[PDB]
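Visitor: the amino acid sequence is not available; the structure is as follows:
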């Protein structure tokens, strides 16, 4: 599996790719406006995620902090990044197929388009101005748009009991980005691609 992470934004983002307990390829890298970072994720990767970090500062030893997406203060993420983060989620080679999706379940910070390089499936997108129209109670001070579970930590927003319906906030994330998960039990917007496909994550795909 080969992922070409492009940064079409007007601003610099630090891309991160991680699996949860381990990194993917290097684990993270700076993407100045327009740069493209090609990486290899091992086939069979389950639950892998890719996201963007904004307003980062790293010392000469790969250690620092980011205002959104900070993954334990490292340039090469070995863990997931703290919200608000637009998530490009994917699980590879699962009984002969790949599965991809975009998730606002942890908020939104950067627009993105998750689409395949190979043939045989479509590509999800979430490229609206969510941070600009983010509700006040959700507006993340350091930029981005937090999810309701990060802000309120109620069993209903985090779906801790497996029983949970949509919410006003969830409906906000779903009204602007309908092709992306707005809450844990959303009607799945998952795309099924042929196993061993290649993809391309494009930040701000409309600049």
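Guide: On my side now, so go ahead. Numbering: from 1, shown residues only.

Visitor: ok, the residue nearest in space to the middle of the chain - contacts?
Guide: With distances taken as CA atoms, centre = their mean, the residue of the chain nearest its centroid is residue 87 (1.4 Å). Counting by CB atoms under 8 Å, 6 or more residues apart in numbering, residue 87 touches 49, 50, 51, 102, 103, 104, 105, 106. (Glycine included, C-beta is placed from N, CA and C.)

Visitor: how close does it get to residue 120?
Guide: As for residue 87, its distance to residue 120 is 23 Å (criterion: CB to CB, to the nearest Å).

Visitor: equivalent analysis for residue 98, please.
Guide: 10 Å.

Visitor: got any residues that touch both of the two?
Guide: 193, 194, 197.

Visitor: list the ones among the residues you listed that fall in strands.
Guide: 193, 194 (DSSP state E).

Visitor: only the buried subset of the shared contacts of residue 98 and residue 120, as a PyMOL command please.
Guide: For the buried members of the shared contacts of residue 98 and residue 120, the matching PyMOL selection, counting by 16 or more other CB atoms under 10 Å, is:
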select buried, resi 193+197
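
Visitor: the strands in the protein, which residues?
Guide: Going by DSSP E, the chain shows strands at 2-7, 13-18, 23-31, 36-40, 48-58, 64-68, 87-91, 97-103, 112-116, 124-126, 191-194, 199-203.

Visitor: on that earlier part again, which of residue 98 and residue 120 has more neighbours?
Guide: Remark: of residue 98 and residue 120, residue 98 carries more neighbours, 25 against 11, as counted by other CB atoms under 10 Å.

Visitor: could you find the closest non-adjacent residue to that one?
Guide: Using CB to CB, 6 or more residues apart in numbering and skipping the chain neighbours, the partner closest in space to residue 98 is residue 193 (4.4 Å).
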